[PDB]
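Data first, discussion second: the structure below is written as structure tokens.
Heads up, the Cβs are rebuilt from the backbone with ideal geometry, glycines too, and the neighbour counts pull from every protein chain shown. Each reported figure results from applying straightforward, stated rules to the coordinates on display, with no laboratory input.
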Amino acid sequence: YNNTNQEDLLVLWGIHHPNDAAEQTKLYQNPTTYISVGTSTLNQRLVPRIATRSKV
Amino acid sequence: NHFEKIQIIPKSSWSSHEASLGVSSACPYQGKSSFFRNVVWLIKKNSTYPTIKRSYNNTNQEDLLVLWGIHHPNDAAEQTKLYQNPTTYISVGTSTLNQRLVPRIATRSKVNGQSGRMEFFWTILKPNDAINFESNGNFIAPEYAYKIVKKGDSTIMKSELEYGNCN
Ligand SMILES: *[C@@H]1O[C@H](CO)[C@@H](O[C@@H]2O[C@H](CO)[C@@H](O)[C@H](O)[C@H]2NC(C)=O)[C@H](O)[C@H]1NC(C)=O
């Protein structure tokens, strides 16, 4: 997405950290995943973390 | 102003790993290799290191300070000698924590005789929450944690003096 406006833009996105490998496959198929994000300054590469967590 | 140190995972309960081989000349005690007392340096058993999955539920009314660690070895050969598995992690979760540690190999200067490093982590586990550990190697596991039983004014004072037997 190119910011064609004159104003700065606040952009939000996220990553899902699932519960176990089986859920990973059920939702996304691919077992080993990433999200890379770049702008003129940002250079991000996120990876989901599996952990066993308390329900909230 | 006061802990009660409590056992949360007995050292005797590691039925698939070695729990009494994690000692080092870096940590001498009375002329023998030893190690930090409140955590346990787990070592593979019979050339295997099965995946650990252990939980602890804080059934107390008080917050609990929990400590654990990861070992960063010197090279691939040491990695295999201690843990068998070449590619390892420790995942830790609570209601707020979402951690996944990975050992870092680097070639490091010897300090206290060792080029390996131990990196320690901590969290406060609230009443009725649980902490879940998972690892297939390099895990320095809790044995003792600290229940916070008195809170109040205190400070850490920097001084070279010692006790003066006064009030
Ligand atoms: C830690 O243990 C307590 C059980 O002693 C869990 O709290 C209970 O949750 C169950 C539902 O499965 C309820 O039926 C009980 O009434 C609860 N007891 C209390 C004291 O709240 C608690 O869920 C555990 N924590 C986690 C994150 O698993």
Mind checking the full-extension length gain between B:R117 and B:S95? Use 0.36 nm per residue of separation minus the Cα-Cα distance, one decimal, nm. 5.0 nm
Ranked on Cβ counts within 10 Å of their own Cβ, fewest leading, B:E143, B:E162, B:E4, B:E18 go B:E162, B:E4, B:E18, B:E143
What does the structure give for A:44-53 when I average, per residue, the other chain Cβ atoms found within 10 Å of the residue Cβ? 5
Could you identify which residue out of B:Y56, B:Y144, B:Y83 has the top mean-square fluctuation in a GNM of chain B using Cα springs shorter than 10 Å? B:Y56
Just want the ordering: A:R53, B:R108, A:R45, from fewest to most Cβ atoms lying within 10 Å of their own Cβ. A:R45, B:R108, A:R53
Give me the distance between the Cα centres of region B:113-156 and region B:25-83, rounded to whole Å. 12
Which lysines have a Cα less than 20 Å from the Cα of B:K11, not counting those fewer than 8 places away in the same chain? B:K32, B:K44, B:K45, B:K53, B:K147
Looking at the square roots a ≥ b ≥ c of the eigenvalues of the Cα gyration tensor of region B:1-161, which shape do they give, rounded for a/c under 1.5, prolate if a/b is larger than b/c, or oblate? oblate
Helix-only [θ]222 nm of chain B, DSSP H runs n ≥ 4, -39500 (n - 2.57) each, per residue, nearest 500: -1500 deg cm²/dmol
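Work out the mean other chain Cβ neighbour count within 10 Å for the residues of B:100-106 and drop it here as an integer.
The per-residue average across the peptide is 1.
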Here, B:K150 and B:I124, labelled 7 Å along Cα→Cβ, have an inter-label distance in nm of 1.8
Contact order relative to length of chain B, as percent, for alpha carbon pairs under 8 angstrom and 6 or more apart: 36
Which value in nm describes the separation of the simple spin-label points at B:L21 and B:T59, placed 7 Å from the Cα toward the beta carbon? 3.3
Would you mind classifying chain A by shape? Square roots of the alpha carbon gyration tensor eigenvalues, ordered a ≥ b ≥ c; an a/c under 1.5 is rounded, otherwise it is prolate if a/b is larger than b/c and oblate if not. prolate
Going by how many other beta carbons lie within 10 Å of each one, how would you line up A:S54, B:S12, B:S20, fewest first? B:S12, B:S20, A:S54
